[PDB]
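Report on one structure; see the data block that follows.
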Amino acid sequence: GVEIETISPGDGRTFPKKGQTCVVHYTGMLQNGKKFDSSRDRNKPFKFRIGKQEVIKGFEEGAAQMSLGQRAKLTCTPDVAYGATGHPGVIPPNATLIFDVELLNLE
């Protein structure tokens with residue numbers, strides 16, 4: 001369950017593919033809750049690649065459904081990120097995730 005609500009600008013044609021490393025200024029948010037993660041704070045914008053199951057599955061499909069310069073708005077289901085177990089002390093079990101994601105990559 002990946003729902004994209006795109007803030008427009010970018011190009012919409014340079015899509016991420018396999019074997020590519022992409023750079024994201026992500027921003028976490030809990031539904032009816034506060035912030036829990038921000039790459040904007042640490043100022044190291046989280047270089048990662050595609051297809052190695054590094055990130056969660058809900059964030060993985062959202063990165064492929066964007067392009068260079070875009071600014072999406074993720075909405076993930078509990079079963080794709082943590083909802084059975086829950087990340088200990090940081091994410092409660094059966095939680096719904098909200099993300100502000102801007103992709104400014106290379107490659």
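Every chain in the structure tokens has a letter given in the order shown (A, B, ...), and although residue numbers restart at 1 in each chain, ligands are simply numbered from 1 in the order shown.
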
Polymer residues at most 9 Å from residue 105 (chain A), only C-alpha atoms, same-chain spacing of 5 or more positions, as a JSON list (two decimals) with N, CA and C atoms, in the first residue's frame:
[["chain", "number", "residue", "atom", "x", "y", "z"],
["A", 16, "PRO", "N", 14.66, 6.12, -11.12],
["A", 16, "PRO", "CA", 15.69, 5.25, -10.55],
["A", 16, "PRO", "C", 15.56, 3.83, -11.07],
["A", 21, "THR", "N", 22.55, 4.18, -7.04],
["A", 21, "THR", "CA", 22.62, 4.71, -5.69],
["A", 21, "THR", "C", 22.00, 6.10, -5.68],
["A", 22, "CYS", "N", 20.99, 6.30, -4.84],
["A", 22, "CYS", "CA", 20.20, 7.52, -4.84],
["A", 22, "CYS", "C", 20.21, 8.20, -3.48],
["A", 23, "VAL", "N", 20.00, 9.51, -3.50],
["A", 23, "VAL", "CA", 20.18, 10.39, -2.35],
["A", 23, "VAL", "C", 18.84, 11.04, -2.02],
["A", 24, "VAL", "N", 18.42, 10.94, -0.75],
["A", 24, "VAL", "CA", 17.09, 11.34, -0.32],
["A", 24, "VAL", "C", 17.18, 12.20, 0.93],
["A", 47, "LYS", "N", 22.86, 8.46, 1.60],
["A", 47, "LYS", "CA", 23.14, 7.76, 0.36],
["A", 47, "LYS", "C", 22.82, 6.27, 0.50],
["A", 67, "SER", "N", 11.18, 10.74, -9.33],
["A", 67, "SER", "CA", 12.20, 11.13, -10.29],
["A", 67, "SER", "C", 13.09, 12.17, -9.64],
["A", 68, "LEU", "N", 13.99, 12.75, -10.42],
["A", 68, "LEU", "CA", 14.90, 13.76, -9.91],
["A", 68, "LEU", "C", 14.15, 15.06, -9.63],
["A", 69, "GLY", "N", 14.36, 15.62, -8.44],
["A", 69, "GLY", "CA", 13.77, 16.88, -8.07],
["A", 69, "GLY", "C", 12.39, 16.80, -7.46]]

- [ ] Please provide as number ranges by chain all residues within 10 Å of region 32-43 of chain A, with the sequence filter that same-chain residues fewer than 3 positions apart are discarded (counting only C-alpha atoms).
- [x] A: 24-29, 46, 90-91, 96, 98-100

The selected residues should be written to file as an mmCIF file, in the first residue's frame (atoms: N, CA and C atoms).
data_model
loop_
_atom_site.group_PDB
_atom_site.id
_atom_site.type_symbol
_atom_site.label_atom_id
_atom_site.label_comp_id
_atom_site.auth_asym_id
_atom_site.auth_seq_id
_atom_site.Cartn_x
_atom_site.Cartn_y
_atom_site.Cartn_z
ATOM 1 N N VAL A 24 18.424 10.944 -0.755
ATOM 2 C CA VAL A 24 17.086 11.339 -0.324
ATOM 3 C C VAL A 24 17.178 12.201 0.929
ATOM 4 N N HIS A 25 16.542 13.377 0.893
ATOM 5 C CA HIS A 25 16.280 14.169 2.096
ATOM 6 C C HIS A 25 14.942 13.733 2.683
ATOM 7 N N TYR A 26 14.961 12.621 3.409
ATOM 8 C CA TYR A 26 13.703 12.144 3.953
ATOM 9 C C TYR A 26 13.358 12.890 5.237
ATOM 10 N N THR A 27 12.116 12.714 5.675
ATOM 11 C CA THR A 27 11.627 13.323 6.906
ATOM 12 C C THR A 27 10.515 12.446 7.455
ATOM 13 N N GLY A 28 10.721 11.903 8.646
ATOM 14 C CA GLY A 28 9.744 11.020 9.237
ATOM 15 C C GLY A 28 8.642 11.754 9.975
ATOM 16 N N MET A 29 7.518 11.063 10.131
ATOM 17 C CA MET A 29 6.358 11.585 10.840
ATOM 18 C C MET A 29 5.473 10.415 11.231
ATOM 19 N N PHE A 46 21.871 10.630 3.448
ATOM 20 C CA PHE A 46 21.451 9.224 3.409
ATOM 21 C C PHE A 46 21.602 8.612 2.010
ATOM 22 N N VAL A 90 11.063 2.853 19.486
ATOM 23 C CA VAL A 90 11.015 3.962 18.551
ATOM 24 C C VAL A 90 9.726 3.956 17.739
ATOM 25 N N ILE A 91 9.270 2.778 17.312
ATOM 26 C CA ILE A 91 8.023 2.633 16.579
ATOM 27 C C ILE A 91 7.162 1.610 17.308
ATOM 28 N N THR A 96 1.343 3.226 11.457
ATOM 29 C CA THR A 96 1.193 3.738 10.104
ATOM 30 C C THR A 96 2.189 4.869 9.893
ATOM 31 N N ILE A 98 4.314 7.963 7.890
ATOM 32 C CA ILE A 98 4.182 9.138 7.038
ATOM 33 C C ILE A 98 5.584 9.625 6.703
ATOM 34 N N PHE A 99 5.818 9.975 5.440
ATOM 35 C CA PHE A 99 7.131 10.454 5.029
ATOM 36 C C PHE A 99 7.014 11.630 4.077
ATOM 37 N N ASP A 100 7.821 12.657 4.320
ATOM 38 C CA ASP A 100 8.137 13.653 3.307
ATOM 39 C C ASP A 100 9.470 13.259 2.684
#

Tell me which protein, DNA and RNA residues are within 12 Å of region 7-12 of chain A, counting only C-alpha atoms, leaving out same-chain ones fewer than 6 positions away, and put them as a CSV table (one decimal) with N, CA, C and O atoms, in the first residue's frame.
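out-v7.csv written:
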chain,number,residue,atom,x,y,z
A,64,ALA,N,11.2,4.2,-6.2
A,64,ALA,CA,11.1,3.9,-7.6
A,64,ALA,C,10.0,4.7,-8.3
A,64,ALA,O,10.1,4.8,-9.6
A,65,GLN,N,9.0,5.1,-7.6
A,65,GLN,CA,7.9,5.9,-8.1
A,65,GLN,C,8.1,7.4,-8.1
A,65,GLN,O,7.1,8.1,-8.0
A,66,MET,N,9.4,7.8,-8.1
A,66,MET,CA,9.7,9.2,-8.1
A,66,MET,C,10.7,9.5,-9.3
A,66,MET,O,11.0,8.6,-10.0
A,67,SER,N,11.2,10.7,-9.3
A,67,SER,CA,12.2,11.1,-10.3
A,67,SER,C,13.1,12.2,-9.6
A,67,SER,O,13.0,12.5,-8.4
A,68,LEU,N,14.0,12.7,-10.4
A,68,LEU,CA,14.9,13.8,-9.9
A,68,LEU,C,14.2,15.1,-9.6
A,68,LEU,O,13.4,15.5,-10.5
A,69,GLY,N,14.4,15.6,-8.4
A,69,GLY,CA,13.8,16.9,-8.1
A,69,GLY,C,12.4,16.8,-7.5
A,69,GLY,O,11.9,17.8,-6.9
A,70,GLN,N,11.7,15.6,-7.5
A,70,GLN,CA,10.4,15.5,-7.0
A,70,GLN,C,10.3,15.6,-5.5
A,70,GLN,O,11.3,15.5,-4.8
A,71,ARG,N,9.1,15.7,-5.0
A,71,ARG,CA,8.8,15.8,-3.6
A,71,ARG,C,7.5,15.1,-3.3
A,71,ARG,O,6.4,15.6,-3.5
A,72,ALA,N,7.7,13.8,-2.9
A,72,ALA,CA,6.5,13.0,-2.7
A,72,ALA,C,5.9,13.1,-1.3
A,72,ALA,O,6.2,14.0,-0.6
A,73,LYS,N,5.0,12.2,-1.0
A,73,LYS,CA,4.4,12.1,0.3
A,73,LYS,C,4.0,10.7,0.5
A,73,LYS,O,2.9,10.3,0.1
A,74,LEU,N,4.8,9.9,1.2
A,74,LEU,CA,4.5,8.5,1.4
A,74,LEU,C,3.4,8.3,2.4
A,74,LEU,O,3.1,9.1,3.2
A,100,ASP,N,7.8,12.7,4.3
A,100,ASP,CA,8.1,13.7,3.3
A,100,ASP,C,9.5,13.3,2.7
A,100,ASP,O,10.5,13.2,3.4
A,101,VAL,N,9.5,13.0,1.4
A,101,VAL,CA,10.6,12.5,0.7
A,101,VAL,C,10.9,13.4,-0.5
A,101,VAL,O,10.1,13.7,-1.4
A,102,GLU,N,12.2,13.9,-0.6
A,102,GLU,CA,12.7,14.6,-1.7
A,102,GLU,C,13.9,13.9,-2.3
A,102,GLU,O,14.8,13.6,-1.5
A,103,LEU,N,13.8,13.5,-3.6
A,103,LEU,CA,14.9,12.8,-4.2
A,103,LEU,C,15.8,13.7,-5.0
A,103,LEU,O,15.3,14.4,-5.9
A,104,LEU,N,17.0,13.9,-4.6
A,104,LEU,CA,18.0,14.6,-5.3
A,104,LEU,C,19.3,13.7,-5.5
A,104,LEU,O,20.2,13.8,-4.7
A,105,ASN,N,19.3,12.9,-6.5
A,105,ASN,CA,20.2,11.8,-6.6
A,105,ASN,C,21.3,12.1,-7.6
A,105,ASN,O,21.4,13.2,-8.1

- [ ] Find the distance between CA of residue 19 (chain A) and CA of residue 50 (chain A) and write it in Å to one decimal.
- [x]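 We find that CA of residue 19 (chain A) and CA of residue 50 (chain A) lie 6.3 Å from each other.
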
Open item on the list: Just list as a PyMOL selection string whatever in chain A DSSP marks as helix (DSSP H, G or I).
Closed with: chain A and resi 39-42+57-64+78-81

Do you have, as a tab-separated table, the list of residues of region 69-102 of chain A lying at most 12 Å from region 51-55 of chain A, each with its nearest atom pair and that distance in Å to one decimal, counting only C-alpha atoms and ordered by chain then number?
residue	atom	partner	partner_atom	distance
A:80	CA	A:55	CA	10.9
A:81	CA	A:55	CA	9.2
A:82	CA	A:55	CA	11.8

TODO: For CA of residue 94 (chain A) and CA of residue 30 (chain A), quote the distance in Å rounded to one decimal.
DONE: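 CA of residue 94 (chain A) sits 11.8 Å away from CA of residue 30 (chain A).
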
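With CA of residue 76 (chain A) on one side and CA of residue 59 (chain A) on the other, the separation reads 7.9 Å.
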
Task: Backbone-only DSSP, strand (DSSP E) members of chain A, as a PyMOL selection string - done: chain A and resi 21-30+47-49+71-76+97-103

Those residues with N, CA and C atoms, as a compact mmCIF listing (two decimals), in the first residue's frame please?
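Ended up saving to again.txt:
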# COMPACT_ATOMS: atom_id res chain seq x y z
N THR A 21 22.55 4.18 -7.04
CA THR A 21 22.62 4.71 -5.69
C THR A 21 22.00 6.10 -5.68
N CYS A 22 20.99 6.30 -4.84
CA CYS A 22 20.20 7.52 -4.84
C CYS A 22 20.21 8.20 -3.48
N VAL A 23 20.00 9.51 -3.50
CA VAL A 23 20.18 10.39 -2.35
C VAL A 23 18.84 11.04 -2.02
N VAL A 24 18.42 10.94 -0.75
CA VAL A 24 17.09 11.34 -0.32
C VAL A 24 17.18 12.20 0.93
N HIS A 25 16.54 13.38 0.89
CA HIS A 25 16.28 14.17 2.10
C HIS A 25 14.94 13.73 2.68
N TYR A 26 14.96 12.62 3.41
CA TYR A 26 13.70 12.14 3.95
C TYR A 26 13.36 12.89 5.24
N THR A 27 12.12 12.71 5.68
CA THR A 27 11.63 13.32 6.91
C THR A 27 10.52 12.45 7.45
N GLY A 28 10.72 11.90 8.65
CA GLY A 28 9.74 11.02 9.24
C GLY A 28 8.64 11.75 9.98
N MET A 29 7.52 11.06 10.13
CA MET A 29 6.36 11.58 10.84
C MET A 29 5.47 10.41 11.23
N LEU A 30 4.99 10.43 12.47
CA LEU A 30 4.02 9.45 12.91
C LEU A 30 2.61 10.01 12.73
N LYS A 47 22.86 8.46 1.60
CA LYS A 47 23.14 7.76 0.36
C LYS A 47 22.82 6.27 0.50
N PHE A 48 22.03 5.75 -0.43
CA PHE A 48 21.66 4.34 -0.41
C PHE A 48 21.35 3.88 -1.83
N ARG A 49 21.34 2.57 -2.02
CA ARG A 49 21.15 1.96 -3.32
C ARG A 49 19.80 1.24 -3.38
N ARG A 71 9.08 15.70 -5.02
CA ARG A 71 8.83 15.83 -3.59
C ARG A 71 7.53 15.09 -3.30
N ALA A 72 7.65 13.85 -2.86
CA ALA A 72 6.50 12.98 -2.72
C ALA A 72 5.90 13.11 -1.32
N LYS A 73 4.98 12.20 -1.00
CA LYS A 73 4.38 12.13 0.32
C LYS A 73 3.96 10.68 0.52
N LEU A 74 4.79 9.90 1.21
CA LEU A 74 4.51 8.49 1.37
C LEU A 74 3.40 8.26 2.38
N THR A 75 2.77 7.09 2.27
CA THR A 75 1.80 6.63 3.25
C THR A 75 1.85 5.11 3.21
N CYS A 76 2.47 4.51 4.21
CA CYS A 76 2.72 3.08 4.20
C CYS A 76 1.78 2.35 5.16
N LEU A 97 2.95 4.79 8.81
CA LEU A 97 4.10 5.66 8.59
C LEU A 97 3.77 6.78 7.62
N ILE A 98 4.31 7.96 7.89
CA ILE A 98 4.18 9.14 7.04
C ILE A 98 5.58 9.62 6.70
N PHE A 99 5.82 9.98 5.44
CA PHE A 99 7.13 10.45 5.03
C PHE A 99 7.01 11.63 4.08
N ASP A 100 7.82 12.66 4.32
CA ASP A 100 8.14 13.65 3.31
C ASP A 100 9.47 13.26 2.68
N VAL A 101 9.47 13.03 1.38
CA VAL A 101 10.61 12.49 0.66
C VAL A 101 10.93 13.41 -0.51
N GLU A 102 12.16 13.91 -0.56
CA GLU A 102 12.66 14.61 -1.74
C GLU A 102 13.87 13.87 -2.27
N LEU A 103 13.84 13.54 -3.55
CA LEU A 103 14.90 12.78 -4.21
C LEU A 103 15.78 13.74 -4.99

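Comparing the minimum interatomic distances between residue 83 (chain A) and each of A:15, A:107, A:4, A:56, counting only C-alpha atoms, we find that A:56 sits nearest.
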
TODO: Find the residue from A:63, A:79, A:20, A:106 that sits nearest to residue 93 (chain A); use only C-alpha atoms when measuring.
DONE: A:79
